[PDB]
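Step one of this worksheet: look at the structure below.
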Amino acid sequence: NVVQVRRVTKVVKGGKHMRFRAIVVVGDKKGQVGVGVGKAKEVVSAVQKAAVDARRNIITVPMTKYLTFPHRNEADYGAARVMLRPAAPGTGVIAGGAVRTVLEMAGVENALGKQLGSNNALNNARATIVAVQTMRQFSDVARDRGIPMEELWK
RNA sequence: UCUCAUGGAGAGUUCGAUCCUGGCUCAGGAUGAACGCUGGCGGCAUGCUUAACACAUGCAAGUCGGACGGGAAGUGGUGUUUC
Ligand SMILES: [Mg+2]
Ligand SMILES: [Mg+2]
Ligand SMILES: [Mg+2]
Ligand SMILES: [Mg+2]
Ligand SMILES: [Mg+2]
Ligand SMILES: [Mg+2]
Ligand SMILES: [Mg+2]
Ligand SMILES: [Mg+2]
Ligand SMILES: [Mg+2]
Ligand SMILES: [Mg+2]
Ligand SMILES: [Mg+2]
Ligand SMILES: [Mg+2]
Ligand SMILES: [Mg+2]
Ligand SMILES: [Mg+2]
């Protein structure tokens, strides 16, 4: 999914040397997502390199039986700050551009998200990833703490 | 994987490009609203925010004759009953 296409420029004695930057995110819509960035002369080739880069950067988002987040979480990258919190089933995914495309492409069905701080599409994508990467799932906190599930549920 | 949550969206704009700080601007709701165009019906509401500025006319607080003396309408007369 192409999130953003921009025309960045290097400048040479001749003139303006134009390239396209592509910010693209890949997912299966099944709980696997990644971001990648690429640069080329034509839209098409940039897009492609973006794809290939993302595919080698990719991670998994912890999901709950209703397709949402285990818990509330913040995230920080650059000036991008990101806030995600789980939602009741049937609220869909409400968020802004980077955060929402990444979330949606992961397959998260119901989530609240807001990016505070900056708006750069890219850093918000990365940030989202750092958010959902640090998501601990209950089985694992029960494994860490060394305490049975039913005890923490309470 | 029980319980809670029924909730927080962004976008353009400084640069040859970038990241940031930072303002302006927009998308939403609400009116005791006004103006423009257009206008079939019904239901329930609303209607001088300004000059506590002036007011023509008409009406918005009376009733009791079982407190009381009278007179005025009739009636034949203080037997009747009204004002
Ligand atoms: Mg900071
Ligand atoms: Mg914001
Ligand atoms: Mg400057
Ligand atoms: Mg310019
Ligand atoms: Mg700011
Ligand atoms: Mg409006
Ligand atoms: Mg008319
Ligand atoms: Mg008044
Ligand atoms: Mg008068
Ligand atoms: Mg009257
Ligand atoms: Mg009488
Ligand atoms: Mg009387
Ligand atoms: Mg009496
Ligand atoms: Mg008598």
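Read-outs: derived from the displayed coordinates by stated rules, not from any lab. All Cβ positions, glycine included, derive from the backbone under ideal geometry; neighbour counts span all protein chains shown.
Determine how many Å³ per residue the convex hull of the Cα atoms of the stretch A:1-97 encloses.
Value for the stretch A:1-97: 123 Å³ per residue.
Return the ratio Rg/(2.2 N^0.38 Å) for the stretch A:60-154, where Rg is computed over Cα atoms only.
Working it through for the stretch A:60-154, the quotient is 1.11.
How charged is the neighbourhood of A:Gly113? Take every other residue with its Cβ under 12 Å from the Cβ of A:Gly113, and add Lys/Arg as +1 and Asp/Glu as -1.
+3
About the Cα centre, and with charges only on the beta carbon of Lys, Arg (+1) and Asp, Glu (-1), how big is the dipole of the stretch A:1-60? Nearest 20 debye, please.
It works out to roughly 340 debye.
Over 23 Å between Cα atoms, which of A:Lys29/A:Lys49; A:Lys10/A:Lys41; A:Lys114/A:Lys154; A:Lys16/A:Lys41; A:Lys29/A:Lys65 qualify?
From the list (A:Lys29/A:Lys49; A:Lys10/A:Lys41; A:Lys114/A:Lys154; A:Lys16/A:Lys41; A:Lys29/A:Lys65), the Cα-Cα distance tops 23 Å for A:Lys114/A:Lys154.
Name the shape class, rounded, prolate or oblate, that the alpha-carbon gyration tensor gives for the stretch A:104-154, where a ≥ b ≥ c are the square roots of its eigenvalues, rounded holds for a/c under 1.5, and otherwise prolate holds if a/b is larger than b/c and oblate otherwise.
Note, shape of the stretch A:104-154 comes out prolate.
Along the charge dipole of the stretch A:1-60, which of A:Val24, A:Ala46, A:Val35 sits closest to the positive end, that is, farthest toward it, with unit charges on the beta carbon of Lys, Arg, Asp and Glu (+1, +1, -1, -1)?
So the residue we want is A:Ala46.
Normalised by the residues of the stretch A:76-154, what does the relative contact order come to in percent, with Cα pairs under 8 Å and at least six apart?
Dividing the mean separation by the residue count of the stretch A:76-154 yields 35 percent.
For the modelled label position 7 Å from the Cα of A:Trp153 along Cα-to-Cβ, which residues of the stretch A:50-81 have backbone nitrogen atoms closer than 20 Å?
A:63-72
About the Cα centre, and with charges only on the beta carbon of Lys, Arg (+1) and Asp, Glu (-1), how big is the dipole of chain A? Nearest 20 debye, please.
Once rounded to the nearest 20, the dipole reads 940 debye.
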